[PDB]
Amino acid sequence: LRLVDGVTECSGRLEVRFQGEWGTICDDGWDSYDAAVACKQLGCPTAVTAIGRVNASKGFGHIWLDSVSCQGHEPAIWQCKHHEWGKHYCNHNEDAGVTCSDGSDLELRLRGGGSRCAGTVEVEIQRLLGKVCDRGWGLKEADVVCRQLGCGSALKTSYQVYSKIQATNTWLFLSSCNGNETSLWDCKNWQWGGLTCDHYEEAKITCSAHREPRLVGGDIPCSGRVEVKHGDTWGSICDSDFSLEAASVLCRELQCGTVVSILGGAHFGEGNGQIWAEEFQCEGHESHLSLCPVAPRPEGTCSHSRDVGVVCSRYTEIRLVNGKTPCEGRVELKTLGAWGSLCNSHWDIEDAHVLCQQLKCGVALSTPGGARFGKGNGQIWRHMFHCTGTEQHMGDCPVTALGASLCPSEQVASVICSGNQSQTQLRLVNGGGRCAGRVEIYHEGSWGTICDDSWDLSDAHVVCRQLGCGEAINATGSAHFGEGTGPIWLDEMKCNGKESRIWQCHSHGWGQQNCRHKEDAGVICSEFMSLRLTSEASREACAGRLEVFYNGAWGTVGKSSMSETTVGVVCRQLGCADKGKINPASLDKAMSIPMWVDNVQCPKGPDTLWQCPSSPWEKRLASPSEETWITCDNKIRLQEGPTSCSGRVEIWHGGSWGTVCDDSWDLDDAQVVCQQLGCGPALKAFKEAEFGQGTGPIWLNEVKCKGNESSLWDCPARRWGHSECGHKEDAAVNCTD
Amino acid sequence: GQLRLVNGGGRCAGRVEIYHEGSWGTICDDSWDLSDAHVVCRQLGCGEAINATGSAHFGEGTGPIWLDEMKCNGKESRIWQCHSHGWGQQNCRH
Ligand SMILES: *[C@@H]1O[C@H](CO)[C@@H](O[C@@H]2O[C@H](CO)[C@@H](O[C@@H]3O[C@H](CO)[C@@H](O)[C@H](O)[C@@H]3O)[C@H](O)[C@H]2NC(C)=O)[C@H](O)[C@H]1NC(C)=O
Ligand SMILES: *[C@@H]1O[C@H](CO)[C@@H](O[C@@H]2O[C@H](CO)[C@@H](O)[C@H](O)[C@H]2NC(C)=O)[C@H](O)[C@H]1NC(C)=O
Ligand SMILES: *[C@@H]1O[C@H](CO)[C@@H](O[C@@H]2O[C@H](CO)[C@@H](O)[C@H](O)[C@H]2NC(C)=O)[C@H](O)[C@H]1NC(C)=O
Ligand SMILES: *[C@@H]1O[C@H](CO)[C@@H](O)[C@H](O)[C@H]1NC(C)=O
Ligand SMILES: [Ca+2]
Ligand SMILES: [Ca+2]
Ligand SMILES: [Ca+2]
Ligand SMILES: [Ca+2]
Ligand SMILES: [Ca+2]
Ligand SMILES: [Ca+2]
Ligand SMILES: [Ca+2]
Ligand SMILES: [Ca+2]
C-alpha cells in the first residue's frame, strides 16, 4: 500500500500492489473506516482520517480494487471484504485517496466578509488551500462551522463583499452533519479533494457575532448607549449612522420590544474606544443586526459626544424574590429607584401567566393571597397590569398607576408556576385608548361585533366589568368608532347589568342577527383617560392648562412636586416636544372644573402619564394657584450654528429628534422656520449638511412651504415620517438675529 | 472597461455610466467637481469640461452605483485611475 501525488507522506492517492504491479482503488464504497484502516496500516498518525485524493492527478493502468468495506477492525486493507480483482468498471476519474492527520494541523476560516464570522468558508488542511461545496450546504452545518470558530448560531448563507477572495482548485465535500458536534472535522464521511464542484457554488456563511449589539449605561433595563461588536472588538455608534428601523432591529434582537426613542449626544454618558463608520440600511423586518446591509466609510468618524443611545418599551423590572423555588414567591418590582411589592387588588391569573412566561418557566397555577409568602419590605406599589395572557413579557401588557387606590394593610401579590417550560374574548378598538371603542368578540376563531339594537348602559356595564375598566359612561352605537369587518355575532342583548361576561345575556343566539356593519356597537368606560392642554386660542394647544379625563369628566392635575421628567412625559404624550416648563397661571379666563389628581411622579421609562404613580383620584375644588400650567419647548430647533437662531434644522416627532432632508429646501421654508422661532427674515437656506450631519431619523422631506405658513406642519409635504434620504443632506438655515 | 454618456442630447453630454462587473453603473455626485468632469471629457475626446452636474440632471439611472467620492486631480487619463472608495462602495441613491 502506498500514497502518491499528495501534499505530504500522509495524504494522496492510494495504491495497492498485486502480482508485481501497482494499481488504483475506486472511491465508490470508500468510507471513513476504510481511510482509517489505510492510515493505521501505514506508519502515519491516525487521529483524523479523511477521504479523497489531494491535488493528485488521474490514475494510470488497471484499477485493482473496488467497493471495499473494512468496518475499522481489520488491521490491513486486503483482510476486508472486497470484490473481484481487476474486474470493475470505474474510469480513471474516480480514483480513491486518503488524508491522515494528527488533528492539530486542520484549520478553517471565513474570508471575504466584514469580520471573523462572515464570509466564504476557506479550509486549510496540511498547508493546502480549499473551499467547501454548496452541495448539501445548509444552516444545520453552518451552525457547527460557526460553533467551532467561537461565534453564535448561523443566520444566513451569504455575506457582504468587503474584500475579494483568491481562486483555489481543491474542494471539500461535506455529508450531513448531526448539528451538535463541536467541530466540522467531527462530521461523518467528509471528502477532501477528488470530485469537482461543477454546477455548484462556494460555501458562504454569516453568523450572530458579526454585528452583535449591546446597551450599556442606563438606569432602567432596556435603555442605554448603543455598542456593537465586530466579532471581537466593541465600539460605539454615531447618532448620524443609526436609524429608527435599525433601532427597531436592535431592540428586537435584545428582547426589549418596540423602540420608544433614539437619543443623540451622549445622553447615557460618553464612551471610550472605537467609533464605527458603518451606516446601517435596515429595512426594519430583520431579526439580527448582522443580517442588515451596511455602508462603511474609510474616512473619519464623529466625536464621542455623538454616541447614539436607545430607550425601548420593556422597562419593567419585575422578579420573584422569596420562595422555596426560583419560580414561585412574592412579586416585586422597582420604580422611582426603589423596590416594592405589588398590589393584589387587581392582580389575576392571566397576569401570573405573563410573569412566569417572562421568567421562562411554565405557567401559573394559583395566586396565593395575604402574607402566605412574606410581607412587603415597606411601601407597596399600586401598579395594575391588564395582561391578556398571550404576551411573553410584562412590559407588553397595558399598565396603569395614575390615581390607583391605596392598598389595604397586607394585600400583597404572589405567584406560583410550574417548571415545564414547554407548557403553552372582548377587545375595544379605534377608541383612542384601551377602555373605549368599538366592541369586538372572538368566538369562532374570528373577531366579530355586536348590534346596537337594545344596546344600552346595562350591557356596557358587563362589557366594562369583564375587561377590567370599571363602569360604563357611554354605550354608543351607529358605528361611532368606525365600521367593523367580520361576523355580526350578537343581537338583542338583554343583560341585567350584574352579569360577569357578555355571553351570559339573553341574546338571540350566535349569528342570529339582522344588522349591517353600520350598526356596530361600542362603549366608553370609566377608566378611559385623555390628556389635554387648554388655552383660549385653541382647546388642544401646545401651551396652557393641563387637564385629565376620567370617570366621564374633565379635571385638573395638581402641581405639587411636579418634576422635569413628568412635564417631559406630558409634552411627549401630547406630541409637542421632549420637555416643557411650568408657568404661573394665566389671567385670560379660567373655567371652574375641579381637580382630579395630584402628586404625579414619573420614572424614566414610560412615555405616557397613565403609567406614572400618583395619589388616588379625588375630586376637590382648589384655588387657581394650585393649577398646573405647562408650556412645551419648541418643536423645531437649530443646532451647531454660530448664533442662537442659525444652524441645522431639527424636528421632534414620534418620541425622537430628527432632521429635514434638503431635496426641495429653499428660502420660502427658511422664512417659515425663522418666523416660527421668532427670528427675523430668513437670509439663506443651505443644503448638503453645511453645519454637520444630524441625529435620529429623517422626519421630513420635500417640504412645500409657500412662505407665509405659521409652522412647518401647516406646510404641505409629500413625505412625513419616512424619507429616501441620508444624513449627508440635512437642511440648515441662516436668519437675521 | 467602457465609459458612456446617456440622455444628454449628444455624445459629449449627459449622465456618466461605467461598464464594470458585467453591467453599466453610475457615479455619485458627492464631491463631483469640474476636475472629474474634465477627466471624463478627456477620456471621451470631447475636450475640456464646462459643466459638472449632479442631482440626476439628465434623469435617474438604473443599475448599481459603482464609485462614490471621486477626487480626480484633473490630469488623469482614465477615470478609474482616480482615487475613490472602490467598486460598489457607496451610500447614494439614484
Ligand atoms: C498536488 O500537490 C502536491 C503538494 O504540493 C504537489 O507536490 C509538490 O509538487 C511540487 C511541484 O510543483 C514539488 O516542488 C519541487 O520540490 C523539490 C524539492 O526538492 C524541488 O527540487 C523542486 O524545485 C520543486 O520545488 C514539491 O516537492 C511537491 N511536494 C511538496 C511536498 O510540495 C503535487 O505535485 C501536486 N500534483 C499532483 C499530481 O499530486
Ligand atoms: C356620552 O354621554 C354624555 C352624557 O353622559 C354626553 O355628553 C353630552 O353631550 C351632548 C351632545 O351630544 C351635550 O349637549 C351635553 O351637554 C353633554 N352632557 C350631558 C350631561 O348631557 C356625551 O356626548 C356622550 N358621548 C358620546 C361619544 O356619545
Ligand atoms: C453650466 O454652468 C454655467 C456657468 O459656467 C451656467 O450658466 C449660468 O447659469 C446661471 C444660472 O441660471 C445664470 O445666472 C448665468 O448667467 C449663467 N452664465 C454664466 C456665465 O454664469 C449654466 O446654467 C450651467 N448649466 C447647467 C445645466 O448646470
Ligand atoms: C449668516 O448671514 C449673515 C448675513 O449675511 C452673515 O454675516 C453670517 O456670517 C452668516 N452665517 C453663517 C454661519 O454663514
Ligand atoms: Ca340599529
Ligand atoms: Ca339591553
Ligand atoms: Ca335585531
Ligand atoms: Ca439631496
Ligand atoms: Ca421648499
Ligand atoms: Ca450628494
Ligand atoms: Ca472630486
Ligand atoms: Ca458618500
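Numbering starts at 1 and runs along the chain as it is shown here.
The deposited model was determined using electron microscopy, 3.2 Å.
The backbone N, Cα and C atoms fix where each Cβ goes, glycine too.
Swiss-Prot annotations:
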type: DISULFID; residues: A:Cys26-A:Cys90; note: disulfide bond
type: DISULFID; residues: A:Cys133-A:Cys197; note: disulfide bond
type: DISULFID; residues: A:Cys177-A:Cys187; note: disulfide bond
type: DISULFID; residues: A:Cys238-A:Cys302; note: disulfide bond
type: DISULFID; residues: A:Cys251-A:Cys312; note: disulfide bond
type: DISULFID; residues: A:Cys282-A:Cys292; note: disulfide bond
type: DISULFID; residues: A:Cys343-A:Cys407; note: disulfide bond
type: DISULFID; residues: A:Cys356-A:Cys417; note: disulfide bond
type: DISULFID; residues: A:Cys387-A:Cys397; note: disulfide bond
type: DISULFID; residues: A:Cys495-A:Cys505; note: disulfide bond
type: DISULFID; residues: A:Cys674-A:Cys735; note: disulfide bond
type: DISULFID; residues: A:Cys705-A:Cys715; note: disulfide bond
type: DOMAIN; residues: A:108-208; note: domain 'SRCR 4'
type: DOMAIN; residues: A:318-418; note: domain 'SRCR 6'
type: DOMAIN; residues: A:531-633; note: domain 'SRCR 8'
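Ligand 4 lies under 6 Å from the Cβ of none of the disulfide-bonded residues A:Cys26, A:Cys251, A:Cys343, A:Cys674.
Residue with the densest Cβ environment among the disulfide-bonded residues A:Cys197, A:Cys282, A:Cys397, A:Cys674: A:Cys674, by other Cβ atoms within 10 Å. Of the recorded residues, A:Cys238 (disulfide bond) and A:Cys387 (disulfide bond) place their C-alpha atoms 37 Å from one another. On the backbone, the CA of A:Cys495 (disulfide bond) and the CA of A:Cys292 (disulfide bond) stand 54 Å apart. Its Cβ placed at the centre, A:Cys26 (disulfide bond) has 21 other Cβ atoms within 10 Å. If you take the C-beta of A:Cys292 (disulfide bond) and look for same-chain residues 6 or more apart in sequence within under 8 angstroms, you find A:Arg211, A:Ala246, A:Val249, A:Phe280, A:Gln281, A:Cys282, A:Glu283, A:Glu286. Secondary structure of the domain 'SRCR 8' (A:531-633), assigned with DSSP and counted as helix (H, G, I), strand (E, B) and coil, comes to 17 helix, 28 strand, 58 coil. Helix, strand and coil content of the domain 'SRCR 4' (A:108-208), in residues and according to DSSP, is 14 helix, 32 strand, 55 coil.
Note on the disulfide-bonded residues A:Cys312, A:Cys407: the fewest other CB atoms within 10 A surround the CB of A:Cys407.
Around the Cβ of A:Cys251 (disulfide bond), the same chain contributes A:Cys222, A:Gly257, A:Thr258, A:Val259, A:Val310, A:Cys312, A:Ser313, each under 8 angstroms and 6 or more positions distant in sequence. Of all the disulfide-bonded residues in the list A:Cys133, A:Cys187, A:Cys387, A:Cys674, the shortest Cα-Cα distance to A:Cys407 (disulfide bond) is found for A:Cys387.
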